[PDB]
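Trainee: File name target.pdb; file contents PDB, N, CA and C atoms; full text below.
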```pdb
ATOM      1  N   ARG A   1     180.780 127.177  57.409  1.00  0.00           N
ATOM      2  CA  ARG A   1     179.805 127.412  56.300  1.00  0.00           C
ATOM      3  C   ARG A   1     179.065 128.699  56.682  1.00  0.00           C
ATOM      4  N   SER A   2     178.117 129.101  55.880  1.00  0.00           N
ATOM      5  CA  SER A   2     177.340 130.345  56.162  1.00  0.00           C
ATOM      6  C   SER A   2     175.860 129.996  56.387  1.00  0.00           C
ATOM      7  N   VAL A   3     175.064 131.020  56.560  1.00  0.00           N
ATOM      8  CA  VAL A   3     173.600 130.830  56.786  1.00  0.00           C
ATOM      9  C   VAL A   3     172.904 131.954  55.987  1.00  0.00           C
ATOM     10  N   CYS A   4     173.313 132.043  54.755  1.00  0.00           N
ATOM     11  CA  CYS A   4     172.780 133.047  53.821  1.00  0.00           C
ATOM     12  C   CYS A   4     171.920 132.355  52.765  1.00  0.00           C
ATOM     13  N   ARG A   5     171.325 133.164  51.934  1.00  0.00           N
ATOM     14  CA  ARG A   5     170.454 132.653  50.841  1.00  0.00           C
ATOM     15  C   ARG A   5     171.134 133.101  49.560  1.00  0.00           C
ATOM     16  N   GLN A   6     170.905 132.350  48.521  1.00  0.00           N
ATOM     17  CA  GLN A   6     171.522 132.674  47.196  1.00  0.00           C
ATOM     18  C   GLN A   6     170.619 133.586  46.379  1.00  0.00           C
ATOM     19  N   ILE A   7     171.227 134.555  45.753  1.00  0.00           N
ATOM     20  CA  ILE A   7     170.490 135.532  44.908  1.00  0.00           C
ATOM     21  C   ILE A   7     171.185 135.539  43.553  1.00  0.00           C
ATOM     22  N   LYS A   8     170.431 135.969  42.579  1.00  0.00           N
ATOM     23  CA  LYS A   8     170.902 136.065  41.172  1.00  0.00           C
ATOM     24  C   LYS A   8     171.532 137.457  41.190  1.00  0.00           C
ATOM     25  N   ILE A   9     172.747 137.498  41.657  1.00  0.00           N
ATOM     26  CA  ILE A   9     173.482 138.779  41.734  1.00  0.00           C
ATOM     27  C   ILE A   9     173.841 139.197  40.316  1.00  0.00           C
ATOM     28  N   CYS A  10     173.785 140.469  40.037  1.00  0.00           N
ATOM     29  CA  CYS A  10     174.117 140.965  38.699  1.00  0.00           C
ATOM     30  C   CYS A  10     175.107 142.115  38.820  1.00  0.00           C
ATOM     31  N   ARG A  11     175.846 142.327  37.768  1.00  0.00           N
ATOM     32  CA  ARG A  11     176.861 143.426  37.733  1.00  0.00           C
ATOM     33  C   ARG A  11     176.588 144.373  36.557  1.00  0.00           C
ATOM     34  N   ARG A  12     177.456 145.339  36.426  1.00  0.00           N
ATOM     35  CA  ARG A  12     177.332 146.349  35.325  1.00  0.00           C
ATOM     36  C   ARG A  12     178.290 145.899  34.208  1.00  0.00           C
ATOM     37  N   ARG A  13     179.307 145.206  34.642  1.00  0.00           N
ATOM     38  CA  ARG A  13     180.355 144.666  33.742  1.00  0.00           C
ATOM     39  C   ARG A  13     180.652 143.292  34.370  1.00  0.00           C
ATOM     40  N   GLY A  14     180.885 142.275  33.584  1.00  0.00           N
ATOM     41  CA  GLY A  14     181.178 140.927  34.185  1.00  0.00           C
ATOM     42  C   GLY A  14     180.016 139.956  33.982  1.00  0.00           C
ATOM     43  N   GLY A  15     178.877 140.272  34.544  1.00  0.00           N
ATOM     44  CA  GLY A  15     177.690 139.378  34.396  1.00  0.00           C
ATOM     45  C   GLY A  15     176.972 139.119  35.711  1.00  0.00           C
ATOM     46  N   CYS A  16     176.078 138.167  35.649  1.00  0.00           N
ATOM     47  CA  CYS A  16     175.270 137.771  36.840  1.00  0.00           C
ATOM     48  C   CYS A  16     175.614 136.333  37.245  1.00  0.00           C
ATOM     49  N   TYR A  17     175.382 136.046  38.496  1.00  0.00           N
ATOM     50  CA  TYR A  17     175.661 134.689  39.063  1.00  0.00           C
ATOM     51  C   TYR A  17     174.882 134.426  40.354  1.00  0.00           C
ATOM     52  N   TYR A  18     175.271 133.367  41.006  1.00  0.00           N
ATOM     53  CA  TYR A  18     174.630 132.948  42.291  1.00  0.00           C
ATOM     54  C   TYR A  18     175.543 133.455  43.405  1.00  0.00           C
ATOM     55  N   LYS A  19     175.014 134.388  44.146  1.00  0.00           N
ATOM     56  CA  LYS A  19     175.782 134.995  45.278  1.00  0.00           C
ATOM     57  C   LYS A  19     175.046 134.677  46.570  1.00  0.00           C
ATOM     58  N   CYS A  20     175.744 134.361  47.628  1.00  0.00           N
ATOM     59  CA  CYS A  20     175.031 134.061  48.909  1.00  0.00           C
ATOM     60  C   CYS A  20     174.961 135.532  49.298  1.00  0.00           C
ATOM     61  N   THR A  21     173.784 136.040  49.492  1.00  0.00           N
ATOM     62  CA  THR A  21     173.693 137.475  49.847  1.00  0.00           C
ATOM     63  C   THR A  21     173.695 137.692  51.331  1.00  0.00           C
ATOM     64  N   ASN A  22     172.871 136.944  51.997  1.00  0.00           N
ATOM     65  CA  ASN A  22     172.756 137.047  53.490  1.00  0.00           C
ATOM     66  C   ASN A  22     171.956 138.302  53.904  1.00  0.00           C
ATOM     67  N   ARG A  23     170.660 138.183  53.915  1.00  0.00           N
ATOM     68  CA  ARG A  23     169.827 139.366  54.320  1.00  0.00           C
ATOM     69  C   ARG A  23     169.643 139.185  55.835  1.00  0.00           C
ATOM     70  N   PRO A  24     169.588 140.253  56.606  1.00  0.00           N
ATOM     71  CA  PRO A  24     169.488 140.179  58.096  1.00  0.00           C
ATOM     72  C   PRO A  24     168.195 139.497  58.570  1.00  0.00           C
ATOM     73  N   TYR A  25     168.149 138.223  58.345  1.00  0.00           N
ATOM     74  CA  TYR A  25     166.988 137.376  58.728  1.00  0.00           C
ATOM     75  C   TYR A  25     167.561 136.112  59.409  1.00  0.00           C
TER      76      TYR A  25
END
```
Please re-express this file's structure in structure tokens.
Mentor:
Amino acid sequence: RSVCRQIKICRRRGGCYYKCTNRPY
């Protein structure tokens, strides 16, 4: 599994969703 946090990732084409981004924390 991972140890990231979910963000409302958005695109220019396609749309937005829940992405585990993983910020260096």
Trainee: Which residues fall under the PyMOL selection byres ((chain A and resi 4) around 8) in this file, as a PyMOL selection string?
Mentor: chain A and resi 1-3+5-7+19-23
Trainee: So how far away is atom CA of residue 13 of chain A from atom CA of residue 25 of chain A, in Å?
Mentor: 29.3 Å
Trainee: Which distance in Å separates atom CA of residue 11 of chain A and atom C of residue 24 of chain A, to one decimal?
Mentor: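 Straight-line distance from atom CA of residue 11 of chain A to atom C of residue 24 of chain A works out to 22.9 Å.
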Trainee: I need the residues of chain A that end up classed as strand (DSSP E or B) by DSSP on the backbone, written out as a count of residues only.
Mentor: 8
Trainee: How about completing chain A with N, CA, C and O atoms and giving it to me as a PDB file, in the coordinates of the input?
Mentor:
```
ATOM      1  N   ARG A   1     180.780 127.177  57.409  1.00  0.00           N
ATOM      2  CA  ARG A   1     179.805 127.412  56.300  1.00  0.00           C
ATOM      3  C   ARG A   1     179.065 128.699  56.682  1.00  0.00           C
ATOM      4  O   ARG A   1     179.393 129.258  57.710  1.00  0.00           O
ATOM      5  N   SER A   2     178.117 129.101  55.880  1.00  0.00           N
ATOM      6  CA  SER A   2     177.340 130.345  56.162  1.00  0.00           C
ATOM      7  C   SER A   2     175.860 129.996  56.387  1.00  0.00           C
ATOM      8  O   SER A   2     175.484 128.832  56.410  1.00  0.00           O
ATOM      9  N   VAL A   3     175.064 131.020  56.560  1.00  0.00           N
ATOM     10  CA  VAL A   3     173.600 130.830  56.786  1.00  0.00           C
ATOM     11  C   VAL A   3     172.904 131.954  55.987  1.00  0.00           C
ATOM     12  O   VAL A   3     172.057 132.685  56.460  1.00  0.00           O
ATOM     13  N   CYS A   4     173.313 132.043  54.755  1.00  0.00           N
ATOM     14  CA  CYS A   4     172.780 133.047  53.821  1.00  0.00           C
ATOM     15  C   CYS A   4     171.920 132.355  52.765  1.00  0.00           C
ATOM     16  O   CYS A   4     171.814 131.143  52.725  1.00  0.00           O
ATOM     17  N   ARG A   5     171.325 133.164  51.934  1.00  0.00           N
ATOM     18  CA  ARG A   5     170.454 132.653  50.841  1.00  0.00           C
ATOM     19  C   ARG A   5     171.134 133.101  49.560  1.00  0.00           C
ATOM     20  O   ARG A   5     171.819 134.110  49.557  1.00  0.00           O
ATOM     21  N   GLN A   6     170.905 132.350  48.521  1.00  0.00           N
ATOM     22  CA  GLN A   6     171.522 132.674  47.196  1.00  0.00           C
ATOM     23  C   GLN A   6     170.619 133.586  46.379  1.00  0.00           C
ATOM     24  O   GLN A   6     169.422 133.393  46.344  1.00  0.00           O
ATOM     25  N   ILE A   7     171.227 134.555  45.753  1.00  0.00           N
ATOM     26  CA  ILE A   7     170.490 135.532  44.908  1.00  0.00           C
ATOM     27  C   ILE A   7     171.185 135.539  43.553  1.00  0.00           C
ATOM     28  O   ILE A   7     172.348 135.185  43.456  1.00  0.00           O
ATOM     29  N   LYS A   8     170.431 135.969  42.579  1.00  0.00           N
ATOM     30  CA  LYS A   8     170.902 136.065  41.172  1.00  0.00           C
ATOM     31  C   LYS A   8     171.532 137.457  41.190  1.00  0.00           C
ATOM     32  O   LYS A   8     170.921 138.438  40.818  1.00  0.00           O
ATOM     33  N   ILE A   9     172.747 137.498  41.657  1.00  0.00           N
ATOM     34  CA  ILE A   9     173.482 138.779  41.734  1.00  0.00           C
ATOM     35  C   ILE A   9     173.841 139.197  40.316  1.00  0.00           C
ATOM     36  O   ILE A   9     174.166 138.338  39.519  1.00  0.00           O
ATOM     37  N   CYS A  10     173.785 140.469  40.037  1.00  0.00           N
ATOM     38  CA  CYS A  10     174.117 140.965  38.699  1.00  0.00           C
ATOM     39  C   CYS A  10     175.107 142.115  38.820  1.00  0.00           C
ATOM     40  O   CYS A  10     175.184 142.776  39.838  1.00  0.00           O
ATOM     41  N   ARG A  11     175.846 142.327  37.768  1.00  0.00           N
ATOM     42  CA  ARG A  11     176.861 143.426  37.733  1.00  0.00           C
ATOM     43  C   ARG A  11     176.588 144.373  36.557  1.00  0.00           C
ATOM     44  O   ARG A  11     175.637 144.228  35.815  1.00  0.00           O
ATOM     45  N   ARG A  12     177.456 145.339  36.426  1.00  0.00           N
ATOM     46  CA  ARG A  12     177.332 146.349  35.325  1.00  0.00           C
ATOM     47  C   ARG A  12     178.290 145.899  34.208  1.00  0.00           C
ATOM     48  O   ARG A  12     178.111 146.182  33.039  1.00  0.00           O
ATOM     49  N   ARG A  13     179.307 145.206  34.642  1.00  0.00           N
ATOM     50  CA  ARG A  13     180.355 144.666  33.742  1.00  0.00           C
ATOM     51  C   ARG A  13     180.652 143.292  34.370  1.00  0.00           C
ATOM     52  O   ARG A  13     180.663 143.195  35.583  1.00  0.00           O
ATOM     53  N   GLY A  14     180.885 142.275  33.584  1.00  0.00           N
ATOM     54  CA  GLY A  14     181.178 140.927  34.185  1.00  0.00           C
ATOM     55  C   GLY A  14     180.016 139.956  33.982  1.00  0.00           C
ATOM     56  O   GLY A  14     180.182 138.955  33.318  1.00  0.00           O
ATOM     57  N   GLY A  15     178.877 140.272  34.544  1.00  0.00           N
ATOM     58  CA  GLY A  15     177.690 139.378  34.396  1.00  0.00           C
ATOM     59  C   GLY A  15     176.972 139.119  35.711  1.00  0.00           C
ATOM     60  O   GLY A  15     177.238 139.773  36.704  1.00  0.00           O
ATOM     61  N   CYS A  16     176.078 138.167  35.649  1.00  0.00           N
ATOM     62  CA  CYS A  16     175.270 137.771  36.840  1.00  0.00           C
ATOM     63  C   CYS A  16     175.614 136.333  37.245  1.00  0.00           C
ATOM     64  O   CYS A  16     176.063 135.542  36.440  1.00  0.00           O
ATOM     65  N   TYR A  17     175.382 136.046  38.496  1.00  0.00           N
ATOM     66  CA  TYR A  17     175.661 134.689  39.063  1.00  0.00           C
ATOM     67  C   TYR A  17     174.882 134.426  40.354  1.00  0.00           C
ATOM     68  O   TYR A  17     173.980 135.155  40.719  1.00  0.00           O
ATOM     69  N   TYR A  18     175.271 133.367  41.006  1.00  0.00           N
ATOM     70  CA  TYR A  18     174.630 132.948  42.291  1.00  0.00           C
ATOM     71  C   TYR A  18     175.543 133.455  43.405  1.00  0.00           C
ATOM     72  O   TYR A  18     176.670 133.019  43.557  1.00  0.00           O
ATOM     73  N   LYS A  19     175.014 134.388  44.146  1.00  0.00           N
ATOM     74  CA  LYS A  19     175.782 134.995  45.278  1.00  0.00           C
ATOM     75  C   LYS A  19     175.046 134.677  46.570  1.00  0.00           C
ATOM     76  O   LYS A  19     173.833 134.742  46.582  1.00  0.00           O
ATOM     77  N   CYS A  20     175.744 134.361  47.628  1.00  0.00           N
ATOM     78  CA  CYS A  20     175.031 134.061  48.909  1.00  0.00           C
ATOM     79  C   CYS A  20     174.961 135.532  49.298  1.00  0.00           C
ATOM     80  O   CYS A  20     175.981 136.186  49.415  1.00  0.00           O
ATOM     81  N   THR A  21     173.784 136.040  49.492  1.00  0.00           N
ATOM     82  CA  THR A  21     173.693 137.475  49.847  1.00  0.00           C
ATOM     83  C   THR A  21     173.695 137.692  51.331  1.00  0.00           C
ATOM     84  O   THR A  21     174.442 138.519  51.811  1.00  0.00           O
ATOM     85  N   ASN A  22     172.871 136.944  51.997  1.00  0.00           N
ATOM     86  CA  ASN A  22     172.756 137.047  53.490  1.00  0.00           C
ATOM     87  C   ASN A  22     171.956 138.302  53.904  1.00  0.00           C
ATOM     88  O   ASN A  22     172.508 139.347  54.190  1.00  0.00           O
ATOM     89  N   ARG A  23     170.660 138.183  53.915  1.00  0.00           N
ATOM     90  CA  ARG A  23     169.827 139.366  54.320  1.00  0.00           C
ATOM     91  C   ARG A  23     169.643 139.185  55.835  1.00  0.00           C
ATOM     92  O   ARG A  23     169.549 138.048  56.246  1.00  0.00           O
ATOM     93  N   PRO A  24     169.588 140.253  56.606  1.00  0.00           N
ATOM     94  CA  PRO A  24     169.488 140.179  58.096  1.00  0.00           C
ATOM     95  C   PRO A  24     168.195 139.497  58.570  1.00  0.00           C
ATOM     96  O   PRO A  24     167.302 140.129  59.099  1.00  0.00           O
ATOM     97  N   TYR A  25     168.149 138.223  58.345  1.00  0.00           N
ATOM     98  CA  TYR A  25     166.988 137.376  58.728  1.00  0.00           C
ATOM     99  C   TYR A  25     167.561 136.112  59.409  1.00  0.00           C
ATOM    100  O   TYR A  25     168.775 136.018  59.508  1.00  0.00           O
TER     101      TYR A  25
END
```
